[PDB]
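In the deposited numbering, the protein residues as written are -2 to -1, 1 to 55.
Beta carbons: idealized from backbone N, C-alpha and C, even for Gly.
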């Protein structure tokens, strides 16, 4: 189980992370502290507890 880093889309509210040649897209969530707030902001997806965060510094 790993964490993956990517970048978020402000328009689409998604985190896109690259893994083994595949871009995986996950919705950031709509909570105020989870949604993408700045285009191409760093985001992370953690397979431990399926956590997505689009506000991670």
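| request: Pick helix, strand or coil for residue 17, following the three-state DSSP scheme. | output: strand
| query | How is residue 10 classed by DSSP in three states: helix, strand or coil? | reply | coil
| message | Taking 9 Å as the threshold (C-beta atoms), are residue 40 and residue 4 in contact? | response | yes
| What's the C-alpha gap between residue 1 and residue 43? | 6 Å
| message | By DSSP's criteria, residue 3 is part of a beta bridge. Which residues make up the other side? | response | 42
| Spatial neighbours of residue 8 in its chain, beta-carbon cut-off 6 Å, leaving aside the 5 residues before and after | 34 and 37
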